[PDB]
**Student:** 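My questions all concern the structure below.
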Amino acid sequence: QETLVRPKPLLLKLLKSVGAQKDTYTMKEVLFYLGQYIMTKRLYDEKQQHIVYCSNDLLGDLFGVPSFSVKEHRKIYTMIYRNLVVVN
Ligand SMILES: COc1ccc(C2=N[C@@H](c3ccc(Cl)cc3)[C@@H](c3ccc(Cl)cc3)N2C(=O)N2CCNC(=O)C2)c(OC(C)C)c1
């Protein structure tokens, strides 16, 4: 009974670019796939892998910054919620 969400078009484009095949998700799925996006596109610092650089990327459009640490949970959840609607 986790909340279901419907990503808006930019977030959905990112999710589908890493092989998600649906239009509704749980938050934990959304997080999982954004993490995979970062990993597969190598947007992280090789030395401190918590650090992301996304200025040249649609991910930077979603989060509204050129760089962030994955420890920025307020920012990450807030920007994700701005990019979806709740279904069920
Ligand atoms: C020391 O290296 C780590 C430690 C933790 C994370 C991480 N941490 C997880 C996480 C981060 C923030 C929130 Cl709010 C929730 C979950 C999740 C995640 C989810 C969404 C985004 Cl936008 C980024 C990362 N997330 C991951 O996606 N991980 C888990 C670890 N390894 C991975 O290959 C993927 C991490 O993320 C990379 C993608 C940068 C790197």
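Along the sequence shown, residues carry numbers from 1.
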**Student:** Rounded to the nearest 0.5 Å, what separates atom CD in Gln36 from atom CG in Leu15?
**Tutor:** 11.5 Å
**Student:** Taking everything shown except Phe32 itself, do over 12 heavy atoms lie less than 6.0 Å from its CZ?
**Tutor:** no
**Student:** To the nearest 0.5 Å, how far apart are CD in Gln49 and CE in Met39?
**Tutor:** 6.0 Å
**Student:** Considering all heavy atoms of both residues, which atom of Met27 and which atom of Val5 are nearest to each other, and what is their separation?
**Tutor:** SD-CG1, 4.0 Å
**Student:** Between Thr26 and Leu4, is any pair of side-chain heavy atoms under 4.5 Å apart?
**Tutor:** yes
**Student:** Name the residue from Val30, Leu58, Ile38 that meets the side chain to side chain contact (heavy atoms under 4.5 Å, CB included) definition with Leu14.
**Tutor:** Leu58
**Student:** Report the distance from atom NZ of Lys8 to atom CD1 of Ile80, rounding to the nearest 0.5 Å.
**Tutor:** 13.0 Å
**Student:** If you take all heavy atoms of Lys28 and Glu2, which pair is closest and at what distance?
**Tutor:** CE-OE2, 3.4 Å
**Student:** Test of understanding: clusters of I, L, V, M, F, W, Y form through side-chain heavy atoms closer than 4.5 Å, transitively. Do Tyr33 and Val87 belong to the same one?
**Tutor:** no
**Student:** Is the shortest side-chain heavy-atom distance between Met79 and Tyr77 below 4.5 Å?
**Tutor:** no
**Student:** Just wondering, more than 12 heavy atoms not from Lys13 lying within 6.0 Å of its NZ?
**Tutor:** no
**Student:** Mind listing the closest non-hydrogen atom pair of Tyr53 and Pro66 along with its distance?
**Tutor:** CD1-O, 3.5 Å
**Student:** On a heavy-atom basis, which atom in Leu59 and which in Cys54 lie closest, and how many Å separate them?
**Tutor:** CD2-CB, 4.0 Å
**Student:** Between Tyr25 and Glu29, which heavy-atom pair has the shortest distance, and what is it?
**Tutor:** CA-OE1, 3.4 Å
**Student:** Quick one: pull up CG in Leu10 and CG in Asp61 and give me the separation to the nearest 0.5 Å.
**Tutor:** 6.0 Å
**Student:** Is the closest side-chain heavy-atom distance between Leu34 and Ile76 below 4.5 Å?
**Tutor:** no
**Student:** Measure from the side-chain N and O atoms of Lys16 to the backbone N and O of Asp23, and report whether any donor-acceptor pair falls under 3.5 Å.
**Tutor:** no
**Student:** Measure the CG-CG distance between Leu11 and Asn83 for me, rounded to the nearest 0.5 Å.
**Tutor:** 6.0 Å
**Student:** What closest approach, in Å, do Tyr37 and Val18 show between heavy atoms, and which atom pair accounts for it?
**Tutor:** CA-CG1, 3.6 Å
**Student:** Distance from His73 atom NE2 to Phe68 atom CZ, nearest 0.5 Å?
**Tutor:** 10.5 Å
